[PDB]
Amino acid sequence: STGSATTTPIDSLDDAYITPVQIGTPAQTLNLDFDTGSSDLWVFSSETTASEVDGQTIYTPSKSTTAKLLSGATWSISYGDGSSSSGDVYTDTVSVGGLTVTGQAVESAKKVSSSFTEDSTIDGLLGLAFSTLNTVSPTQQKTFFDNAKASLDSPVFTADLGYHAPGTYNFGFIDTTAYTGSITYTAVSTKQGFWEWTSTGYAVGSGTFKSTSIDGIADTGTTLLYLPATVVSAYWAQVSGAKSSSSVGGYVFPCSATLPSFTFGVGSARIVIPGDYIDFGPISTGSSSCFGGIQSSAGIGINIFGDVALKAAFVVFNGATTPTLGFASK
């Protein structure tokens, strides 16, 4: 089997991407944030504290003839941006782009933090990291991909995120029309539960490539590119007037700037992030200070190849017995 679903930016900055997901019988379609950095499929629901729901579409398990309470199971998760959610668990039928899993754990939120409430466009998350990170207790649950894998034509999914445009998540096949040149594959460590890999270096604009190993994670649920302070300083030094602002919470730059590209290495291959992808717009409405899309990972504890990086590539998440990651230009 295979599946193919369009993923759409939630706003004009590509702050996140939402993908429609069918849950239950009859189908209830929710728009979920596919997150290769976590491993829980959770939704706003009829159980979510009413004051914490503001415009989201909810899953109502009592209206699904295939929903079953997973008795005694609870979940609770916190994300790198400080947001969080928790609740109980149902199993139900879940379909993405025509690919159906029966008995998928659907984690129903009883509580969500303010950042979730405030984002009316995101109805929940669909985790695509390794199932070892799943938070359900006392019986850990599998991700949608893990459940689907054996049925797929090939044990893979691909992320093809758009810049200020829709893109695609495919399950079970590689669309050879969706990228240019060849796909370069690179080793993955699953030791921390992430799609963790090592970039071979970077370049800023038309500058020379610096060969240096940068361990980090491919994370579709993180907006920006978080890299070591040395790398980030080298980038922003090429933008007149750019500076790190403790009050704003990262590097800012004059909105009048033209940003240089940023290249990262995948083995001997190179992925080029155009400068425009690094512009996250005014820090506040009407400001002439703009927020940068490349930020320091110092104090995160891990480097994160978030959407800024991934949307410059066609990315293969190869879930074969020994997982690997593939990157192609597009």
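Residue numbering for chain A follows Swiss-Prot; the residues present correspond to positions 90-419, in that order.
This deposition comes from X-ray crystallography, 1.1 Å.
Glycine is no exception: its Cβ is also placed from the backbone N, Cα and C atoms.
The active site feature in Swiss-Prot is assigned to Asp124, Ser288. Summarising the annotation, Swiss-Prot assigns disulfide bond to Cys344-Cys379. Taken from Swiss-Prot, the feature domain 'Peptidase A1' applies to 106-417, supported by sequence analysis.
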How many Å separate the Cα atoms of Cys379 (disulfide bond) and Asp124 (active site)?
26
Within 10 Å of each Cβ, count the other Cβ atoms and name the one among the recorded positions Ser288, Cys344 with the highest count.
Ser288
Around the Cβ of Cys379 (disulfide bond), other Cβ atoms found within 10 Å total 22
Sorry to bug you, but what's the C-alpha spacing from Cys344 (disulfide bond) to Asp124 (active site), rounded to the closest Å?
30
Alpha-carbon spacing, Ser288 (active site) to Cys344 (disulfide bond), which is rounded to whole Å:
30
Applying a 10 Å Cβ distance cut-off over all chains shown, what neighbour count does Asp124 (active site) have?
21
